[PDB]
Asks: 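I have a structure here, written as structure tokens, and I will follow up with some questions on it.
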Amino acid sequence: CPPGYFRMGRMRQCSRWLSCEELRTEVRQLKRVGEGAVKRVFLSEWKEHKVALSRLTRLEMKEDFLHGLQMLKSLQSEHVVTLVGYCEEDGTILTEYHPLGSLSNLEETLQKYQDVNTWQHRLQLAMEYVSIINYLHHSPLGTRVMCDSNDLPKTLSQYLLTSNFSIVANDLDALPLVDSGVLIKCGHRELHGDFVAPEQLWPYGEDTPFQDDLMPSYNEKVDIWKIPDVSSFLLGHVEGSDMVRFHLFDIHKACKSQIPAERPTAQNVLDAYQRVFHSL
Ligand SMILES: Nc1ncnc2c1ncn2[C@@H]1O[C@H](COP(=O)(O)OP(=O)(O)NP(=O)(O)O)[C@@H](O)[C@H]1O
Ligand SMILES: OC[C@H]1O[C@H](O)[C@@H](O)[C@@H](O)[C@@H]1O
Ligand SMILES: [Mg+2]
């Protein structure tokens, strides 16, 4: 669809984005389905279509809410959830509903849908995830980083499983730009652990207390760092999974280089995933 238009369901053609009056008069809210530091999300209906209605939680998270909306408007593509309508005044966003929901439900979903509970389909799932990262790193709005991914469940929370079994990014609230000398930080609070990239950890030791003003900024390689965790989750433990992990060890090891500049690009990881896929 051209910029500003959407298509879903049995729509053969593209319709303009809905506005405040259409959301106020034509959408019937059905039941809560998610939440949400920024949005409260409701399964809803609009004509024959199930849609998601995301409502701003607190007029204080407002700034994060419009960022995701602006990201959503400019980043429409096969990799992002379809934007249907929005209303800034009401702090609402309308998008295509995906009844399989969060990527977290993958294992639950794959038991009906076991024509696709194979290693081949899971690895293709993993290739779609990397394709999104590659798209975000080369987006209409420049290189964008999927900042809100400090642990596996939270990272998966941000993507949806479509009924065809593609993946799309959904939550784009935290999407800083990397560029000029423009680097980024994922929040203002100290990050800990091994899921975040090591350059996201405080670098100055226990004898220097954390000060965000001293925390050095970083770039889109923090997304590369997290690829093997998402890929491994998607492969799961069905026949062939460990065979695929074996062939992915080294590309995944390059994804965990302590030195960010040594990690591959998303395009490199995708390329290697494809070669491994067709070889097996
Ligand atoms: N279009 C949709 N179709 C189906 N389920 C959805 C849809 N949008 C959101 N949900 C569900 O509701 C949740 C909404 O979370 P999300 O949009 O990430 O809100 P949020 O406030 O930004 N959460 P956070 O990650 O803390 O910033 C998702 O993780 C899904 O479980
Ligand atoms: O919840 C929003 C906030 O969450 C975490 O602190 C980080 O991952 C940030 O990038 C993000 O801005
Ligand atoms: Mg989220």
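Read the numbers this way: they start at 1 and go in the same order the structure lists the ligands and their atoms. Numbers here are sequence positions counted from 1.
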Asks: Record the part of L160 in heavy-atom contact with ligand 1 below 4.0 Å; permitted values are side chain, backbone, both and neither.
Replies: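 Side chain only.
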Asks: At under 4.0 Å between heavy atoms, which part of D148 makes contact with ligand 2: side chain, backbone, both or neither?
Replies: both
Asks: What protein heavy atom sits nearest atom 8 (O) of ligand 2, and how far off is it?
Replies: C147 O, 3.0 Å
Asks: Is it the side chain, the backbone, both or neither of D64 that has a heavy atom closer than 4.0 Å to ligand 1?
Replies: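 Looking at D64 and ligand 1, no heavy atom falls under 4.0 Å.
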Asks: With a 4.0 Å cut-off on heavy atoms, is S157 in contact with ligand 1?
Replies: yes
Asks: Does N170 bring an N, O or S atom to within less than 2.8 Å of the Mg ion (ligand 3)?
Replies: no
Asks: Can you confirm, on distance only, whether ligand 2 has an N/O atom lying under 3.5 Å from any N/O atom belonging to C186?
Replies: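 Right, the criterion is met.
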Asks: If the cut-off is 4.0 Å to any non-hydrogen atom of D173, which atoms of ligand 1 fall inside it?
Replies: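 With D173 as reference, the close atoms of ligand 1 come out as 22 (O), 27 (O).
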Asks: Enumerate the atoms of ligand 2 whose separation from the nearest heavy atom of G187 is less than 4.0 angstrom.
Replies: 9 (C), 10 (O)
Asks: Under 4.0 Å, heavy-atom basis, I'd like to know which part of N170 is in contact with ligand 1: side chain, backbone, both or neither.
Replies: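 For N170, only side-chain atoms sit under 4.0 Å from ligand 1.
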Asks: Could an N or O of ligand 1 be found under 3.5 Å from any N or O of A52, whether backbone or side chain?
Replies: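 Looking only at distances, the answer is no, because the N/O contact criterion of under 3.5 Å is not met.
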Asks: For atom 21 (O) of ligand 1, which of the options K39, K50, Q158 provides the nearest non-hydrogen atom?
Replies: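 Shortest heavy-atom distance from atom 21 (O) of ligand 1: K39.
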Asks: In plain terms, say whether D229 and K226 are close enough for a salt bridge, that is, a side-chain N and a carboxylate O under 4.0 Å apart.
Replies: no
Asks: Within a distance under 4.0 Å of any heavy atom of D148, pick out the atoms of ligand 1 and give their elements.
Replies: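 Near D148, meaning under 4.0 Å from one of its heavy atoms, ligand 1 has 24 (P), 25 (O), 27 (O).
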Asks: Using 4.0 Å as the upper bound for N to carboxylate O, is an ion pair formed by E107 and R122?
Replies: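 A salt bridge links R122 with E107.
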Asks: Using heavy atoms and a 4.0 Å limit, tell me yes or no: is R40 in contact with ligand 1?
Replies: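 No, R40 has no heavy atoms under 4.0 Å from ligand 1.
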Asks: Could you tell me which atoms of ligand 2, counted from 1 in the order shown, lie closer than 4.0 angstrom to a heavy atom of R189?
Replies: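 Contacts of ligand 2 toward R189, numbered from 1: 6 (O).
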Asks: Does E262 pair with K253 as a salt bridge, N-O distance under 4.0 Å?
Replies: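 No.
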Asks: With the threshold set at 4.0 Å, does a side-chain nitrogen-carboxylate oxygen contact exist between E199 and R263?
Replies: yes
Asks: Is it the case that the side chain of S102 and the backbone of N105 share a donor-acceptor pair, with hydrogens and angles ignored and the cut-off at 3.5 Å?
Replies: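 Flag not set: sc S102 to bb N105 has no pair under 3.5 Å.
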Asks: Should you measure from each heavy atom of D171, which atoms of ligand 1 turn up under 4.0 Å away?
Replies: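 Atoms satisfying the 4.0 Å criterion: 18 (O), 22 (O), 24 (P), 25 (O), 27 (O).
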Asks: Mark up the atoms of ligand 2 that fall under 4.0 Å of a heavy atom belonging to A174, in ascending order.
Replies: 11 (C), 12 (O)
